[PDB]
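Protein chains: 6
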Amino acid sequence: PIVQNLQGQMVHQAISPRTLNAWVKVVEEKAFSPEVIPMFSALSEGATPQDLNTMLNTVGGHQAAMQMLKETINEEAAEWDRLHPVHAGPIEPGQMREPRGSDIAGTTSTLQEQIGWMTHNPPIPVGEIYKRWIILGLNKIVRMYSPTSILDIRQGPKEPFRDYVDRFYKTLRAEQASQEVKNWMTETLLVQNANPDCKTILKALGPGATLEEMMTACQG
Amino acid sequence: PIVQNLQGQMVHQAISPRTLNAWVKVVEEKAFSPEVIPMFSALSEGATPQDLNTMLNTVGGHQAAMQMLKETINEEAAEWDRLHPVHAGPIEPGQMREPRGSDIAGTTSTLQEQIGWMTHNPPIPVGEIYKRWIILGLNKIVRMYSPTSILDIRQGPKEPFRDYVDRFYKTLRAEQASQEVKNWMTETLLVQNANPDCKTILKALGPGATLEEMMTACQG
Amino acid sequence: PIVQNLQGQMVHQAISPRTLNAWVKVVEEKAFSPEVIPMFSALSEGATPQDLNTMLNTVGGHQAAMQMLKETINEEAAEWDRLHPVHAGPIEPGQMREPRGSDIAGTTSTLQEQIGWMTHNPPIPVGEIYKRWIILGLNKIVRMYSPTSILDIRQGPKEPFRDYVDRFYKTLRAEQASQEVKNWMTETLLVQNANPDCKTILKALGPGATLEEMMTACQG
Amino acid sequence: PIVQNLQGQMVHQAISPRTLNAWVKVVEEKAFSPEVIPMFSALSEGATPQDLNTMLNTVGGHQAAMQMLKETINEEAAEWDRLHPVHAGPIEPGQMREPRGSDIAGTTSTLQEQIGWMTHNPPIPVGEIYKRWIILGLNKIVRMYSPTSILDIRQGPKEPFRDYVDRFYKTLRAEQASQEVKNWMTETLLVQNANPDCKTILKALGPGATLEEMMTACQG
Amino acid sequence: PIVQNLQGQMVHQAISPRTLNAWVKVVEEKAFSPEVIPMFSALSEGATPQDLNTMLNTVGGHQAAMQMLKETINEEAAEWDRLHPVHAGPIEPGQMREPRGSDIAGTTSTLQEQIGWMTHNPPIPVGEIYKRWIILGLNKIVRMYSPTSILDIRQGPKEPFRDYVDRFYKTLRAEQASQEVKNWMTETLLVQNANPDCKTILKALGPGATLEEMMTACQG
Amino acid sequence: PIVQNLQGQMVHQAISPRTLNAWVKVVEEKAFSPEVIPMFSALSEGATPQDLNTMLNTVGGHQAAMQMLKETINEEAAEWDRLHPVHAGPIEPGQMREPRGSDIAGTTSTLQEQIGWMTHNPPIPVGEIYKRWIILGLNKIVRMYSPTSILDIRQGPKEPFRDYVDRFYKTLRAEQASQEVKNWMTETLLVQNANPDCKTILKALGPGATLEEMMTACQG
C-alpha cells in the first residue's frame, strides 16, 4: 500500500503476505455475507490500483462477484469520462496526464503512473476512487446475495426474541439501500411480523419504544 | 488512530490489521461478556470517529447490540445539541465550526474535520467522547445480556467456595452500576444466600471481616 | 531480497523464514490454481536469482510440473543468447561482464555477481526478468493442469446464476490468454450456454448489458 | 508501556495486542499457579498505571482474585498516605503534585499525570510500584488457591523420585514465603517424608548431600 | 548467522527462533523427502559451524540420518587433512591458524575462531563447506530411506497420467545422482514402463517429444 | 537478553514473550528428552542471570527438576569461591566488585550489577557461566532421565533395521558422558545386540564399517 515515512513523504510498500492470506481466508469462510464489506476496506486501507487488483484476483469461489467489481469500474468509467473529459496536450515536468476510464480500470495504467497519483500536491485519491466503486460493487452484492427477504422473516410459536431480531437485522444489515429506507422496513415489519400475544406487548409499549426496551419488555 | 510523532505533533496512522482481526475475534468468542468494555477501550485507544465506526461495522454476529449503541448515540447526540448550541457565523483561518449531534454521530463529519478535532490548542477530545457513549451503550448491553439474576445465585449442597464466588459476582459484575450499589447488594445477599452450616461460620466472622477470612475459614 | 536502506543504496537481506513457509504452504493447499500466479510475484517482490531458485526447490509435489518451468526457462534463456550476444573483452573496475542464458539460469552465476546486477547505475532488472519467465511457465502449468474447458461449462436446470459465473470465469482465468481472447469467449459462450427461459431474459437485455445488470435481471 | 526512543527520551507506546491476547490466554490456561507471577511482571515490563489496570480488567472471570487484589492494593495504598504525606502548595512549571493512595490506585490520576511520573529527572518509578503490590496481592491468591500442603506430600510405595521432587516443590512454590522459610521446610519434610528403604539411603548420604546427589543415590 | 551490517562489515547475529522452530517442524512433517535438501540450505543460509551443529541437535527421530551427517563429515574431514596439511608455526597479529578435520567438525573450534573464518580478506567460506558435506550426507539418507525403486514404478490398468509421472519421478528425486544418470533412467523406464495402448501413443510421438507433448497425446 | 546496538555498545532488551511461551511449551511437549539441551541454549542465547532465572521458574512438568540446577549452581559456587577468592577493598569508578558464589546464583546480585557484567572491557561472560552450569545439569538430567539402558536394547525377531537403531542410538543420545565413552558402547552392543541372521552379515562387513554401509547390504 502507500504509508507515510519518517520524512513525511508518501512511499509505497510491498503488499504484506499476512493480508493476502486473510484476504482469501475471509472469502473462504464468510463467502459473501454482510461482514465482508468492512473487511474489504480495512485490509485494503491505502491499497493501490494493482494492490486492489491483486486482492480481486485472490477470492475462492464467486467469480461472477469477483469480476462484478471489475465490470462496476467499467460501467462507472463511462460517467468518469462523461464528467471528466481528459484534455489533449503535452504533460508538464512535475505534472501527470489526466486519468480516464481505462486508466482507472488498471489495464492501461503502470504502477509508476499510479504511484504519483496518490503522491501529488494536492494528491488525487485514485486509490480511494476504486475503493468506493469496489465497496459499492460489494455493497450491492451483499443485499443481492441475501437468500432471505424482509417480508419472509416471521416470529415462530416457541422461539426466543434474541434470535428473532438476530435474523430480523441479519437480512436488514444485508439488504443495504438508504438509512431512512432501512428504518421504513423496521416500522412496518419489525412489530408487524410478531406473535399473537407478543404483538400487543410491543403495541402497548408505543412507537417511541427503544429496541432494548422492547427486548426487556418481551424478556422470557 | 492518533499517536504523537517525533516532532511532538499529533499525526494520524492507518488502523493496524492486528487490531481489526482481534476486534472481531474477541466478539466472535466472548460475544458480550463483562470484560468487553475494557477491550473496547484498550485496542481503540486514540481511535478517531471513523476508526470506532469501522470497528462497530465489523462485529462477528450479535447485530442486535451494535445498532443499539447507535440509538443511544443519537439519544446522547440530542443532549449535546441541548447543552452546546452551535452558534452561526463564519469559521476562522485557524479555527473550526462547532460540532453537534450529527457531527459526533459520524454521518455529517469528514475524516479531515475530525483530524483537526483531536489536533487543536487546546484539542477538544471528541475521540474519547464517542468511547464514553460506546462504553455506556455497551455497559447496558452487558447487564442485559447477563442470563442470571443476583437474587437467583445460591450456594449448592456440595459445591466448592472457589466456584461459589465465581458465579456469585458473575451477574453482579455483569450488571454494571454504581460502586456503592454493588456493595449494597453484596452486603445483604452472599451472606444471606449461603449454606446451613456455612452461614453461621461467615456470621461468626463478623460484618467487618474481609473476604480472605471468609474464604480461609470455609476452606475445604 | 533487495530492499533500499536509509542511505538510499540497494542492500541485500536474508530471505525471511515466514515467506519460505508460506511459499510451500500456498503450493500445499492451492497446488496449481489461477490464484497462485499473483502470489508467485507478491512474496517474491525484489527476490534475487537464488531467492527465486530456492522458492522453486520447495514446491511440494508436482514432480512433472516443477521441471516444466525449467524446460520453458531454458527455451527462453536461449532467446537472450540470440538477442543479446555477450561481446568478448576485459571487465572494467566499476562494470560487470554481460549476462547470457546460463548466467540468467542461475547455474553459472554467483550471488555476488547477481548482487551488483540489481545495484547498478542504471541497474539491469535481472531479478524481475526471471519472474516474467517463471510466471509465463506457471501460466502453461495452470492451463495444462486445467480439468475444465470453456466449451463444457453449461447452466444447470436448477442451479443459481451466482455459481454459474463463478465456474464460467474460473476456467476462463485458468486458461491464461490475451484479454481480447477472453472477451471473445465471453460473447459466444456466456449468453450462448444458458437455460431455455434464462437465455431469452439475457437476450432481451441486449449485448450492451453489464454483468451486474444480467445478474440482477436473473435474480432469483 | 514506556520505552526509550532514539532521542534518549522516555516516550509512551500503545499497548500491543500480542501481549493483551497472551495476558488473558495465560490466565485462561494457568489460571492462578506459581508460574503466573513471573509472567505478570514480564509482559507488563514498563507498563503504566492504566496498562496494569487494563490487564486486570481484561481478566475474563476469576473475580475472587480480582476483588482480593483491590482489597490488598487499597490496604497497601493507605501505607503511602501514612509514609508520604503530600504537602499542600502550588505546582511548579516543570514539576508535578505529590501522589497519594487514590493517585497510585488509578481512579484519581489521568494518563498524562502518570506519563510525566516515569519521565522525570529523577523519574519516580510509579509503574514498578504497582507491580510489587500486584505481584504481592497475587502471591497470597496463589497461596489461597493451593490445594496441597507441604505436610501432605509423602513418597508413594511404587512412585519415581523425579515425581516426588516435582510435587515436593509444586506446593513449595505455591506457598510464597522467605527463601530461608522454604529451606526450613526442605530440611524437616524433604528427607523426613520418604519411604522405609528410601529414607536410610538419603539418611546415609548426610545433610550436606546436594539435591542431584540424592537423586543419583536413589536412581532406579 | 553472518549478515553484512551498515558499515559493510560481516557481523554475527543470534540464531532467530522462527528458523529453529521451522527446522524441527520441517523434520517433524516432511521427515526425509526430496524437498528437505533445499530446506536444509535455505534456512541455514550463512549459518556458522555451531549454527548448523545446533540445527543437527534438534532433529526429532531419524536416528541414522542425524548421526550419518557426523559420520560423513568425519570421513570428509580426513580428505581435508590429506589435501590441506596445516603447517606448524606461530600465528600472525592479523592472521589465524590453518583449520583441519577436527576444527571443521566443530569439536576443537571456538565460536570466535569460526567468527573470523567467514570475516577475513579474503574470507575462507568454512560455513558453506559444512553445508556441502551436510547436504551430501543427507543425500544418501534420502536414497537409504527410499522405499521405492525406479524399476518398480509401473503404470496401472486404470490410473491417470498425472500420477504416472508422479510415481516415476517420486523415486527419481529420492535416488540423488548425476543429472545425466537421471536422464538415462528417463529414457529406458519412462516410456518403457507404460501400458499396452499407452506405449504405442508415446512410441508414435518419437524420442524428441517433450514432457508436456507426452501428456497432451495421452490427455484423458 | 544482551544484543549489540547500532553504536557497537552492548544494551539490554526486555525478554520477548514468544520465547517465554515456547520456553514452557517445549517443556510441556518434549518434557525432558535429549532434544531439550539445544533448545535451552538457543532461546537463552545471550540471556542474563534474571533472564535465565525467569525461564528456570516457568517449567511445566517435573517441578523440582529445576531445584537440582539451582543446587548445582550453589555446588559449583563453592569451587568458584575456592578458585576465585573475592579480595576485600573499595570498588573503582569504572570497575565492579569481584563476583562470588551467591552473586553467580542470582539471589544477592541486582540487574544493574549483572548489566555491567556482560558489558565491560574485557566483559567477563557472567551470562555464559550460569548458562554452562544450567546446560551442565540439564545435560546430566537427559542421561539421568533415560528410562532404557544400553544393555537392554535388543533387536526384535520381526522388526526393521531402521527400528533396530531407532531405540539403539535413542538411549545413546540420552546417556551422555564422553565422545570416546559413547563410541565404546557402540562397539560392544551395536553389533553385539543384533539378530541371528543379522549378526552374521553385521560381522561380514568389518569392524571399521560406517553406519550407512551397515544398512546398504543389510537393506531388506
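These protein sequence lines map, in sequence, to chains D, C, N, B, M and A.
All the letters of the first sequence, read from the start, carry residue numbers 1 to 220 under the authors' numbering.
All the letters of the second sequence, read from the start, carry residue numbers 1 to 220 under the authors' numbering.
All the letters of the third sequence, read from the start, carry residue numbers 1 to 220 under the authors' numbering.
All the letters of the fourth sequence, read from the start, carry residue numbers 1 to 220 under the authors' numbering.
All the letters of the fifth sequence, read from the start, carry residue numbers 1 to 220 under the authors' numbering.
All the letters of the sixth sequence, read from the start, carry residue numbers 1 to 220 under the authors' numbering.
Even for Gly, the Cβ is constructed at its ideal location relative to N, Cα and C.
- Positions of the alpha helix (DSSP H) runs, each at least 4 residues long and wholly inside the segment 47–80 of chain B, are given as 49–57 in order along the chain.
- About 5 angstroms separates the beta carbon of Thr210 of chain A from that of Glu71 of chain M, a gap short enough to meet the 8 angstroms contact definition.
- Per the Cβ contact rule, the segment 43–62 of chain A is in contact with the segment 104–118 of chain A (3 or more Cβ pairs under 8 angstroms).
- Within the same chain, and ignoring the five residues on either side of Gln9 of chain M in sequence, the residues whose Cβ sits closer than 8 angstroms to its Cβ are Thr119.
- Under the three-state reduction of DSSP output, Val191 of chain D falls in the coil class, being neither helix nor strand.
- If you draw a straight line from the Cα of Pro38 of chain C to the Cα of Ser16 of chain B, it is about 15 angstroms long.
- Between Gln176 of chain C and chain D, the shortest Cβ-Cβ separation is not below 7 angstroms.
- Here the alpha carbon of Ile104 of chain C sits roughly 22 angstroms from the alpha carbon of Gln63 of chain C.
- For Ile2 of chain N, no alpha helix (DSSP H) segment is defined; the enclosing uninterrupted segment is the beta strand (DSSP E) at 2–4.
- Here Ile91 of chain D is exposed: its Cβ has fewer than 16 other Cβ atoms, across all protein chains shown, within 10 Å.
- Residue M:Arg173 holds the alpha-carbon nearest to the alpha-carbon of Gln67 of chain N among M:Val27, M:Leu69, M:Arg173, M:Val191.
- Within the same chain, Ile150, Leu151, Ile153, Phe168 come within 8 angstroms of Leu189 of chain M by CB-CB distance, once the 5 residues on both sides are set aside.
- In the three-state DSSP reduction, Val36 of chain M falls in the coil class, being neither helix nor strand.
- One alpha carbon belongs to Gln4 of chain B, the other to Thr148 of chain B, and they sit about 44 angstroms apart.
- For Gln112 of chain B, no CB of chain C lies under 7 angstroms from its own CB, so it is not counted at the interface with that chain.
- Residues of the segment 17–45 of chain M that bring their beta carbon within less than 7 angstroms of a beta carbon in chain N comprise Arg18, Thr19, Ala22, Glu35, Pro38, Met39, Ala42, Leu43, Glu45, in sequence order.
- At least 7 angstroms separates the CB of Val86 of chain A from every CB of chain M.
- For the C-beta of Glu75 of chain D, the chain N residues within less than 8 angstroms are, from N- to C-terminus, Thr210, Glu212.
- The beta carbon of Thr148 of chain B sits no closer than 7 angstroms to any beta carbon of chain C.
- Judged by DSSP in its simplified three-state form, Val27 of chain C adopts helix.
- Minimum Cα-Cα distance from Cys198 of chain B among the listed residues B:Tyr145, B:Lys182, B:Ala217 corresponds to B:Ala217.
- In this structure, the beta-carbon distance from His12 of chain M to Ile134 of chain M does not fall below 7 angstroms.
- A distance of 7 angstroms or more separates the beta carbons of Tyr130 of chain N and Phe32 of chain N.
- For a Cβ distance threshold of 9 angstroms, residue set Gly61, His62, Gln63, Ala64, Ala65, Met66 of chain D lies close to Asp166 of chain N, ordered along the chain.
- Among the residues of the segment 178–198 of chain B, those with a Cβ less than 8 angstroms away from any Cβ of chain A are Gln179, in the order of the chain.
- For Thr58 of chain B, the number of other beta carbons within 10 angstroms of its own is at least 16, and it is reported as buried.
- For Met118 of chain N, the three-state secondary structure derived from DSSP is coil.
- Counted as a single uninterrupted DSSP element, the beta strand (DSSP E) harbouring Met10 of chain D occupies residues 10–12.
- By the C-beta density criterion, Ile141 of chain A is buried, having at least 16 other C-beta atoms within 10 angstroms.
- Residue-level contact by beta carbon holds for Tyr169 of chain B and chain A, with a gap shorter than 7 angstroms.
- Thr108 of chain N is outside the set of residues whose beta carbon lies under 7 angstroms from a beta carbon in chain M.
- Using a 10 angstroms sphere on the CB of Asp166 of chain N, the tally of other CB atoms reaches 16 or more, which defines it as buried.
- For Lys131 of chain M, there are no neighbours in chain A by C-beta distance under 8 angstroms, as the nearest C-beta there is about 19 angstroms away.
- Cα atoms of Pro160 of chain D and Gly220 of chain D: separation of roughly 8 angstroms, rounded to the nearest angstrom.
- About 7 angstroms separates the beta carbon of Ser102 of chain C from that of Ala77 of chain C, a gap short enough to meet the 8 angstroms contact definition.
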